[PDB]
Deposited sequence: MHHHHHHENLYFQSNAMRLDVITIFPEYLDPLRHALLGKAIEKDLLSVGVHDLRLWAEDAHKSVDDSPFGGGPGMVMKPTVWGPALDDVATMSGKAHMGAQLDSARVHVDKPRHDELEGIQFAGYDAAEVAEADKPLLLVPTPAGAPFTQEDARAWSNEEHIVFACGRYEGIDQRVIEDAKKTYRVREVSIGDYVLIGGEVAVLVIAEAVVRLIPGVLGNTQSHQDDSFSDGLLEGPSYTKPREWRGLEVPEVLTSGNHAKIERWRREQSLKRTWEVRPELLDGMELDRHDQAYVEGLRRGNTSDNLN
């Protein structure tokens, strides 16, 4: 019943946070099992080389199929119709964007393997050949350029594992994007701090007005920061009139 994550990387230590904070707690609840594997275990030469110059010339290095292929073959055997193949996630800025829908889908997986790139990335034939053994997804965490895939593993792992029942715990298991909108601001005690008062509606005890305030603040934050998300929705008169009030200042 535990999700198994296997990560193949030249920097195993980068994945130490998979055993910290909430994911570490998930392991102690038998909800998560983590294996981190040094890609160099599969390098044959004495130099433990994992990369080589790109075909076509040009700078940089590309990771070697003769190392990656055996590594992926071996890790797949660690606890065929497509649905029965394990999932292989390959972080790359040229992959389809990671979405909350992906996180929900992947929370159902029994076994996720991650292939972590560095340098120019992994020879593309590794990804194609891996389809014989895995369901393969290339995935970008956003429109920006990282140094390696390891940090993207940590991102995806957080978003996926927190959707496994029991991981968040009784207090946080109850978010942004859920209804197409960003979440608004939150407040706690004291009522007044450094001259700033919590919105008075929140101390009114009136559940209907508090709930409307929360909706307004979500519309307002979305309008401020991601107004194009509102263009994709049909707002009712209450919400549309509120947003028009923002546009008029």
| item | value |
| --- | --- |
| Segments lacking C-alpha coordinates (deposited sequence numbering, starting at 1) | 1 to 14, 94 to 129, 225 to 226, 302 to 308 |
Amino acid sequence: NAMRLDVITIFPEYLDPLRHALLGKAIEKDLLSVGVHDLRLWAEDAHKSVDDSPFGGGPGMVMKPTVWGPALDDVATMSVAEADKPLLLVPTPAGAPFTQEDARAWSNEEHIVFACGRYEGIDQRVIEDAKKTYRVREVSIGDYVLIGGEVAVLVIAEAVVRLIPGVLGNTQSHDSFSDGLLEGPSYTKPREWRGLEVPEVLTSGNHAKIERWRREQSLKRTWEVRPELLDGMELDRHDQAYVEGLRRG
From here on, numbers count along this sequence of modelled residues.
{"item": "Average Cα temperature factor in the PDB entry - higher stretch of 143 to 151, 68 to 76", "value": "68 to 76"}
{"item": "Stretch exceeding the other in mean C-alpha B-factor - 81 to 89, 155 to 163", "value": "81 to 89"}
{"item": "Options 128, 102, 179, 109 - largest CA temperature factor per the record", "value": "179"}
{"item": "Peak C-alpha temperature factor (PDB record), options 185, 59, 35, 195", "value": "59"}
{"item": "Relative C-alpha B-factor of residue 17, binned into the chain's lowest, middle or highest third", "value": "lowest"}
{"item": "B-factor third for the C-alpha atom of residue 3 within its chain", "value": "middle"}
{"item": "Ranked against its chain, the third holding the CA B-factor of residue 95", "value": "lowest"}
{"item": "Residue 132 - which third its CA temperature factor falls in, relative to the rest of the chain", "value": "middle"}
{"item": "Third of the chain, ranked by Cα B-factor, where residue 120 sits", "value": "middle"}
